[PDB]
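*Asks:* Mind folding the following:
(6 chains)
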Amino acid sequence: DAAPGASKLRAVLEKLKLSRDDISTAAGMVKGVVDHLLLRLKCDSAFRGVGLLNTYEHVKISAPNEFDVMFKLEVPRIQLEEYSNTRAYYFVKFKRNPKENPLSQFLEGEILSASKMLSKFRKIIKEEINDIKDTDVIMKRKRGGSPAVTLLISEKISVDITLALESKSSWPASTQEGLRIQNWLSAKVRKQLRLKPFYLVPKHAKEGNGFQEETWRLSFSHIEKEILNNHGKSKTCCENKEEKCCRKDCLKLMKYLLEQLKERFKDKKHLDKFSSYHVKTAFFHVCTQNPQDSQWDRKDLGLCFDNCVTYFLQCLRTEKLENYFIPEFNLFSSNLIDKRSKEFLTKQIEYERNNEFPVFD
Amino acid sequence: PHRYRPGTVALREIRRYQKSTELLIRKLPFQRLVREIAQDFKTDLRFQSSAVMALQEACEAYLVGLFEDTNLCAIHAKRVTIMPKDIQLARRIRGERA
Amino acid sequence: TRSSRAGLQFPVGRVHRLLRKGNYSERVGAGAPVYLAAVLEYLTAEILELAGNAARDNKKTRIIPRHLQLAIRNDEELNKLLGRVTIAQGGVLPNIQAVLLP
Amino acid sequence: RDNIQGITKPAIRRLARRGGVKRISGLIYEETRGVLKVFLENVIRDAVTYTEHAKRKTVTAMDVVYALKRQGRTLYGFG
Amino acid sequence: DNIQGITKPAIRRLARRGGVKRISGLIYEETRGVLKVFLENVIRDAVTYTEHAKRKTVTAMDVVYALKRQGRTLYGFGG
Amino acid sequence: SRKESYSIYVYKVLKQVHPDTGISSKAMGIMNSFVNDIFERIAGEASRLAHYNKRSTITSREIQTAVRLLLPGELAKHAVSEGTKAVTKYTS
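*Replies:* Residues are numbered from 1 along each chain as shown, chains lettered A, B, ... in the order given. Let me share the structure:
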């Protein structure tokens, strides 16, 4: 066997810089649209606590012209009801609130209605983006059983806005044994990231017959961004010129490779299954498998990229990708992802692996 | 001379002492006062030190609540400066002077 | 135990002993210390919940009486409950009047 | 005598700044000193009553706590 | 309604018993609000006493115990 | 001798709510005196209430009405709901 060439992987990184050269106009367009929309949310009295969580989140690094802009909303303390032992889908019940914040006034019964929230959220967006002058922002289809709220800013700038609840409470009990950055960063950094707030995004339970259920799954984007800014066991990783690692490098390599496979083999009905969040969680488990900055060195660029490919293929074959935050939650379940889809992705990544990756040029 | 305006250092002291929680009254003169009044009542009473600490907690929290009500009285009278008539008003409403 | 039998955390047996010792009445019903330990458990849970949330808001992982003071005095209904009560080592709320500001 | 004078002017000023007070009159200090003396006279009267009831010679924290209990000014942290 | 049944000159008679020489025109609505809050509290606790006795007739003594636990003790009706 | 405190029970409720959060000894004294205060208030008002109906047996209904009288509104409603749930679980 042989590792992929580190010069070739740095050439792919240079091609990734060439992919992300187009920030400076799309960032201005989305900043103008976010500015106008945030200065029209303040006109509404029933949503006076909404906000922009500050995470520019390139989930799609192979094409940075599409944005997924997340909004935060400061909520009261929430009693959480787990749905159907699914270990990730929870019900939002505002436990007790004497101030009577208007989200509770919008609520139905005791469970916060996610469909009602996303419906009136779409209603306010459709109503307010019409008012935008000299910036053609139109309401794209909400289909696909996802957060959606697709907004196109006038030339291929597809912004998928998803408002997210942010509870500053304590973490749920299923998130206890997770965040295994103890031997990777420290137990103290683990406990300090545990002190940071968690997030709530909707998805109805898509298990066969479950339709428009009011479930709420946890998001972990900000902790993952903060550990991407501090990723070495040594705290000056990719900061001084003796500790240039390949964690950011191999992670961008894996995510670009997955998104180029999803762009090429994009025939309908198979793509919806895979995301680079899965690759990022598998990469965090590779960081658990490879904890040392000596085991992420620049001479180990091809070796760590190979280890990431083989561990993602391990998660595809053994059908087990635990969340790095929830140990009791496999992201590669057989009902969210089809088994022929798992075989196809395993076959394509093995196909690209065993022929020295001819996609890299 | 880098002299502030007469309200700015007052505002940072308000931020500091609402941020702080420690005892503002010095412990030993408070202990002398407590021992003085108790010696006036019953001679040669030894004191638990935690009892003196509890007395100081009660006195400081009582005076802080009194100063909140005094500040509300002084702001209420279209003023900004407290006066002892504000304190007499606040205790008369609480029912200590009447 | 009766705490395990009621699924509660507070010791129902100790509450039953204290109701017998405290001379509140001669006879003490069986569901009374169960109900009382439940009410104590709910109050302690909500107050420690607010205190730990304030401690996370001040990034402290150890609960000190400052956070208890802030938690009780920031809930207006708990403030209505404990308006007379002084917490020791508590301080007060951060509360600046709007006429003072420039 | 003069131990009541131990309550200093900047201590009362620190209490006022914790109380949110912007400006302080010059006569505030003796008024506050007298009010604190009255409050202490009440609490120490109750505490001496509890102590002489206990047939003891040492004032303890629990006696002060029950004194503040019957005052209504309920304190935690010492029982 | 009955909050208007608390009339302007009845509030003025109550203030003249209290000794108020001059009354603004906005005092009355605020007095209606304060009176409504106070009766909400007292009738809340009194009806709670009445429900405890498994009865539907609010006695005087239940109102006395409600006012007692609020701290506004009234003599001369039961206890 | 022995002391009668609620310290380990407060700690168990803490691990139920905030599982990896510390609490000082002074804050534990606060909560011990608080639990003694709330127990004293509720047991006293149940004693007064049973005396009002001349009943020599404090029941769970007595404690329920004592919570409804003493504790303010929505928190009392939640607490009565929790206590009723726990008593019904104890009966089974």
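*Asks:* and residue C:94, what is it in contact with?
*Replies:* Counting by C-beta atoms under 8 Å, 6 or more residues apart in numbering or on different chains, residue C:94 makes contact with B:15, B:18-19. Quick note: C-beta positions are derived from backbone N, CA and C, even for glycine.
*Asks:* Buried only: go through those residues for me.
*Replies:* When those are checked for burial by 16 or more other C-beta atoms under 10 Å in any protein chain shown, the buried set is residue B:18.
*Asks:* Would you reformat the contacts of residue C:94 as CSV and include secondary structure and distance to chain C?
*Replies:* Output for the contacts of residue C:94, formatted as CSV (DSSP: H, G, I helix; E, B strand; the rest coil; distance: C-beta to the nearest C-beta, whole Å):
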residue, secondary structure, distance to chain C
B:15, helix, 8
B:18, helix, 5
B:19, helix, 7
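*Asks:* any chance you could map the helices in chain A?
*Replies:* Under the criterion DSSP state H, chain A contains helices at A:6-19, A:23-41, A:102-106, A:114-129, A:187-194, A:221-229, A:247-264, A:276-289, A:301-317, A:339-353.
*Asks:* Which single one of the contacts of residue C:94 is nearest to chain E?
*Replies:* Lowest distance from chain E to these (C-beta to the nearest C-beta) belongs to residue B:18, with 29.2 Å.
*Asks:* So that closest one is in contact with residue C:91, correct?
*Replies:* Yes. Between residue B:18 and residue C:91 there is a contact at 6.9 Å, judged by C-beta atoms under 8 Å.
*Asks:* any common contacting residues for the two?
*Replies:* Common neighbours of residue B:18 and residue C:91 (C-beta under 8 Å, 6+ apart) are residue D:18.
*Asks:* Could you find the closest non-adjacent residue to the closest residue to chain D within chain A?
*Replies:* Ranked by C-beta to the nearest C-beta, the top residue of chain A for proximity to chain D is residue A:98, at 22.1 Å. What sits nearest to residue A:98 in space, not counting adjacent residues and going by C-beta to C-beta, 6 or more residues apart in numbering or on different chains, is residue C:77, at 4.4 Å.
*Asks:* hang on, the one you found in a helix?
*Replies:* Yes. Assessed with DSSP: H, G, I helix; E, B strand; the rest coil, residue C:77 lies in a helix.
*Asks:* Just confirm it contacts residue F:73, I think it does.
*Replies:* Yes. Using C-beta under 8 Å, residue C:77 is in contact with residue F:73, at 7.1 Å.
*Asks:* Which one's more surrounded, these two?
*Replies:* Higher neighbour count among residue C:77 and residue F:73: residue C:77, with 17 against 14, using other C-beta atoms under 10 Å in any protein chain shown.
*Asks:* residues in contact with that one?
*Replies:* A:98, F:72-75.
*Asks:* Could you tell me which of those are located in helices?
*Replies:* Among the contacts of residue C:77, the members falling in helices (DSSP H) are F:73-75.
*Asks:* At which residues are the helices of chain C located?
*Replies:* Using DSSP H, helices in chain C cover C:2-6, C:12-21, C:31-57, C:65-74, C:76-81.
*Asks:* okay, the angle between the second one and helix C:31-57?
*Replies:* Relative orientation of helix C:12-21 and helix C:31-57, computed by axes from the mean of the first three to the mean of the last three C-alpha atoms, to 10 degrees: 120 degrees.
*Asks:* CA atoms of helix C:12-21 as PDB?
*Replies:* Listed next in PDB are the C-alpha coordinates belonging to helix C:12-21 (Å, rounded to 0.1, in the frame of the first residue of the first chain):
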ATOM      1  CA  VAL C  12     -39.700  10.600  53.700                       C
ATOM      2  CA  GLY C  13     -38.800   8.700  56.900                       C
ATOM      3  CA  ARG C  14     -36.900  11.600  58.300                       C
ATOM      4  CA  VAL C  15     -39.800  13.900  57.500                       C
ATOM      5  CA  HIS C  16     -42.100  11.500  59.300                       C
ATOM      6  CA  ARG C  17     -39.800  11.500  62.300                       C
ATOM      7  CA  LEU C  18     -39.700  15.300  62.300                       C
ATOM      8  CA  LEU C  19     -43.500  15.500  62.000                       C
ATOM      9  CA  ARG C  20     -43.700  13.200  65.000                       C
ATOM     10  CA  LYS C  21     -41.100  15.100  66.900                       C
END
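*Asks:* Quick check: buried residues in stretch C:19-39?
*Replies:* C:19, C:24-25, C:28-29, C:31-39.
*Asks:* How about stretch D:30-41?
*Replies:* Residues of stretch D:30-41 classed as buried by neighbour count (16+ other C-beta under 10 Å): D:31-33, D:35-36, D:39-40.
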